[PDB]
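Student: Following this line is query14.pdb, made up of PDB, N, CA and C atoms:
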ATOM      1  N   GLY A   1     114.868 112.166  98.346
ATOM      2  CA  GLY A   1     116.294 112.282  98.091
ATOM      3  C   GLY A   1     116.929 110.904  97.889
ATOM      4  N   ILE A   2     116.602 109.999  98.801
ATOM      5  CA  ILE A   2     117.130 108.647  98.734
ATOM      6  C   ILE A   2     116.318 107.835  97.724
ATOM      7  N   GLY A   3     115.049 107.642  98.051
ATOM      8  CA  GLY A   3     114.159 106.887  97.185
ATOM      9  C   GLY A   3     113.493 105.741  97.947
ATOM     10  N   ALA A   4     112.337 106.046  98.519
ATOM     11  CA  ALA A   4     111.592 105.054  99.276
ATOM     12  C   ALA A   4     110.781 104.186  98.312
ATOM     13  N   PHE A   5     110.747 104.621  97.061
ATOM     14  CA  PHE A   5     110.014 103.896  96.037
ATOM     15  C   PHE A   5     110.795 102.665  95.571
ATOM     16  N   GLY A   6     112.003 102.534  96.100
ATOM     17  CA  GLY A   6     112.856 101.413  95.748
ATOM     18  C   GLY A   6     112.514 100.179  96.587
ATOM     19  N   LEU A   7     112.068 100.437  97.807
ATOM     20  CA  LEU A   7     111.704  99.362  98.714
ATOM     21  C   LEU A   7     110.338  98.802  98.311
ATOM     22  N   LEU A   8     109.562  99.643  97.642
ATOM     23  CA  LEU A   8     108.238  99.246  97.197
ATOM     24  C   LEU A   8     108.358  98.025  96.282
ATOM     25  N   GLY A   9     109.248  98.140  95.307
ATOM     26  CA  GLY A   9     109.467  97.059  94.363
ATOM     27  C   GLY A   9     109.937  95.791  95.079
ATOM     28  N   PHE A  10     110.845  95.986  96.026
ATOM     29  CA  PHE A  10     111.381  94.872  96.788
ATOM     30  C   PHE A  10     110.293  94.219  97.644
ATOM     31  N   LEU A  11     109.323  95.033  98.032
ATOM     32  CA  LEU A  11     108.222  94.549  98.849
ATOM     33  C   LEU A  11     107.345  93.615  98.012
ATOM     34  N   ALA A  12     107.170  93.990  96.754
ATOM     35  CA  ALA A  12     106.360  93.198  95.843
ATOM     36  C   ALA A  12     107.062  91.869  95.566
ATOM     37  N   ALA A  13     108.386  91.911  95.628
ATOM     38  CA  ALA A  13     109.185  90.722  95.387
ATOM     39  C   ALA A  13     108.770  89.625  96.371
ATOM     40  N   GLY A  14     108.427  90.055  97.575
ATOM     41  CA  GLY A  14     108.011  89.124  98.611
ATOM     42  C   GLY A  14     106.647  88.514  98.284
ATOM     43  N   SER A  15     105.774  89.352  97.745
ATOM     44  CA  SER A  15     104.438  88.909  97.383
ATOM     45  C   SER A  15     104.522  87.744  96.394
ATOM     46  N   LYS A  16     105.560  87.782  95.572
ATOM     47  CA  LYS A  16     105.767  86.742  94.580
ATOM     48  C   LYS A  16     105.738  85.375  95.268
ATOM     49  N   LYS A  17     106.545  85.257  96.312
ATOM     50  CA  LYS A  17     106.621  84.014  97.062
ATOM     51  C   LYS A  17     105.526  84.000  98.130
ATOM     52  N   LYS A  18     103.223  85.123 104.734
ATOM     53  CA  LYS A  18     104.120  85.282 105.866
ATOM     54  C   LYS A  18     103.797  86.591 106.588
ATOM     55  N   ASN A  19     103.328  87.558 105.812
ATOM     56  CA  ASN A  19     102.978  88.857 106.362
ATOM     57  C   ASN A  19     101.510  89.157 106.053
ATOM     58  N   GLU A  20     100.845  89.760 107.029
ATOM     59  CA  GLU A  20      99.442  90.106 106.874
ATOM     60  C   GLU A  20      99.254  91.033 105.673
ATOM     61  N   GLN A  21     100.189  91.960 105.527
ATOM     62  CA  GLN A  21     100.138  92.910 104.429
ATOM     63  C   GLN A  21     100.100  92.172 103.090
ATOM     64  N   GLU A  22     101.087  91.311 102.895
ATOM     65  CA  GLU A  22     101.176  90.539 101.668
ATOM     66  C   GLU A  22      99.894  89.731 101.454
ATOM     67  N   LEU A  23      99.271  89.365 102.564
ATOM     68  CA  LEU A  23      98.041  88.593 102.514
ATOM     69  C   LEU A  23      96.888  89.509 102.100
ATOM     70  N   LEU A  24      96.937  90.735 102.602
ATOM     71  CA  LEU A  24      95.906  91.711 102.294
ATOM     72  C   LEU A  24      95.958  92.047 100.802
ATOM     73  N   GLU A  25      97.170  92.050 100.270
ATOM     74  CA  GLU A  25      97.369  92.352  98.862
ATOM     75  C   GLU A  25      96.909  91.177  97.998
ATOM     76  N   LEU A  26      97.068  89.982  98.546
ATOM     77  CA  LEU A  26      96.674  88.776  97.838
ATOM     78  C   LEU A  26      95.148  88.683  97.806
ATOM     79  N   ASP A  27      94.534  89.189  98.866
ATOM     80  CA  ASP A  27      93.086  89.170  98.972
ATOM     81  C   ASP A  27      92.485  89.992  97.832
ATOM     82  N   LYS A  28      93.070  91.162  97.615
ATOM     83  CA  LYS A  28      92.604  92.048  96.562
ATOM     84  C   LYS A  28      92.750  91.349  95.209
ATOM     85  N   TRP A  29      93.777  90.515  95.118
ATOM     86  CA  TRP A  29      94.038  89.781  93.891
ATOM     87  C   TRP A  29      92.871  88.820  93.658
ATOM     88  N   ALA A  30      92.737  87.870  94.570
ATOM     89  CA  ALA A  30      91.673  86.886  94.476
ATOM     90  C   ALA A  30      90.327  87.606  94.356
ATOM     91  N   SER A  31      90.282  88.805  94.919
ATOM     92  CA  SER A  31      89.069  89.603  94.882
ATOM     93  C   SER A  31      88.565  89.724  93.443
ATOM     94  N   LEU A  32      89.513  89.732  92.516
ATOM     95  CA  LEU A  32      89.180  89.842  91.106
ATOM     96  C   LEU A  32      88.151  88.769  90.744
ATOM     97  N   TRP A  33      88.385  87.572  91.263
ATOM     98  CA  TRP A  33      87.490  86.457  91.003
ATOM     99  C   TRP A  33      86.123  86.800  91.596
ATOM    100  N   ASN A  34      86.160  87.449  92.750
ATOM    101  CA  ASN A  34      84.936  87.840  93.429
ATOM    102  C   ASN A  34      84.678  89.329  93.191
TER     103      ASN A  34
END
Could you render the structure from this file as structure tokens?
Tutor:
Amino acid sequence: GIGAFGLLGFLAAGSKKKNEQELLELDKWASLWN
């Protein structure tokens, strides 16, 4: 009804620039290299 998918985008905004989660997501990124 509200839209929890809106915070998702904002969450990614953080990844752009502290949190284990963001780090876990970054790992998957670098994972590409590996």
Student: Among the residues of chain A, find those DSSP assigns to alpha helix (DSSP H) from the backbone and print them as a PyMOL selection string.
Tutor: chain A and resi 5-16+20-31
Student: Work out how far apart CA of residue 2 in chain A and CA of residue 25 in chain A are and give it in Å to one decimal.
Tutor: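 Between CA of residue 2 in chain A and CA of residue 25 in chain A the gap is 25.6 Å.
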Student: Give me, please, the distance in Å between CA of residue 5 in chain A and CA of residue 32 in chain A, quoted to one decimal.
Tutor: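 About the pair CA of residue 5 in chain A and CA of residue 32 in chain A: they are 25.6 Å apart.
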Student: Work out how far CA of residue 33 in chain A is from CA of residue 21 in chain A, in Å to one decimal.
Tutor: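 Computing it gives 19.5 Å between the two atoms.
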